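Cβ placement follows ideal geometry from the backbone for every residue including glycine, while neighbour counts extend to all protein chains displayed. Throughout, read-outs are computed from the coordinates displayed, never taken from laboratory work.
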């Protein structure tokens with residue numbers, strides 16, 4: 001079954017956008033660090049996460 | 001020295017987000033589909049009966065023409 005792959009990889013792309021907006025990298029962000037996280041969220045990220053969810 | 005500005009959820013709260021499975025029923029009963037199929041079959045049978053009898057009569061006519069022409 002090939003079609004669900006294509007349907008769901010667009011959602012994967014949007015979540016990659018969330019990754020990049022928080023860290024600058026689509027898949028190997030390196031955001032979570034032993035002391036916490038590297039940087040704080042940008043000012044409009046929670047809204048877009050809610051819109052996706 | 002302004003107020004702290006941080007990414008945060010809006011006053012009160014964000015709207016509820018759906019997560020449960022949603023697969024509507026969306027279909028007729030089995031009896032209705034079986035009845036429609038059987039009705040289609042019967043209508044086709046009766047139409048085919050008429051057409052095949054007409055074709056048999058036409059074949060008889062052509063065979064009679066051949067019989068007339070044979071001698």
Fill in the blank from the handout: Note on the range A:15-53: residues over 22 Å from residue B:10 (Cα atoms) and either within 11 Å of another protein chain (Cβ to nearest Cβ) or in contact with a helix residue (DSSP H, G or I) (Cβ under 6 Å, 6 or more places away or on another chain) (or both) are A:26, A:29, A:31
Completion exercise
residue B:23 vs (1) more than 14 Å from every other protein chain (Cβ to nearest Cβ); (2) surrounded by 10 or more Cβ atoms within 10 Å (Cβ to Cβ); (3) not in a helix (DSSP H, G or I): all pass except (2)
Handout entry: Filter pass, residue B:18 being within 14 Å of another protein chain (Cβ to nearest Cβ) and either farther than 30 Å from residue A:22 by Cα or touching a helix residue (DSSP H, G or I) at 6+ places or on another chain (Cβ under 6 Å) (or both)
Key = no
Handout entry: Flag for residue A:12 being outside any helix (DSSP H, G or I) and either more than 14 Å from chain B (Cβ to nearest Cβ) or under 24 Å from residue B:9 (Cβ atoms) (or both)
Key = no
Handout entry: The lone exception for residue A:11 - which of (1) closer than 25 Å to residue B:6 by Cβ; (2) in contact (Cβ under 8 Å) with a residue 40 or more places away in the chain it fails
Key = (1)
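Residues checked against (1) under 26 Å from residue B:4 (Cβ atoms); (2) free of Cβ contacts under 8 Å to residues at least 40 places away in the same chain; (3) in a helix (DSSP H, G or I):
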residue	(1), (2), (3)
A:16	no, yes, yes
A:22	yes, yes, yes
A:26	no, yes, no
A:47	yes, yes, yes
A:51	yes, yes, yes
Exercise for the section: For the range B:38-46, state whether one or more residues are surrounded by 10 or more Cβ atoms within 10 Å (Cβ to Cβ) and either part of a loop (DSSP other than H, G, I, E, B) or in contact (Cβ under 8 Å) with a residue 40 or more places away in the chain (or both). Expected result: no
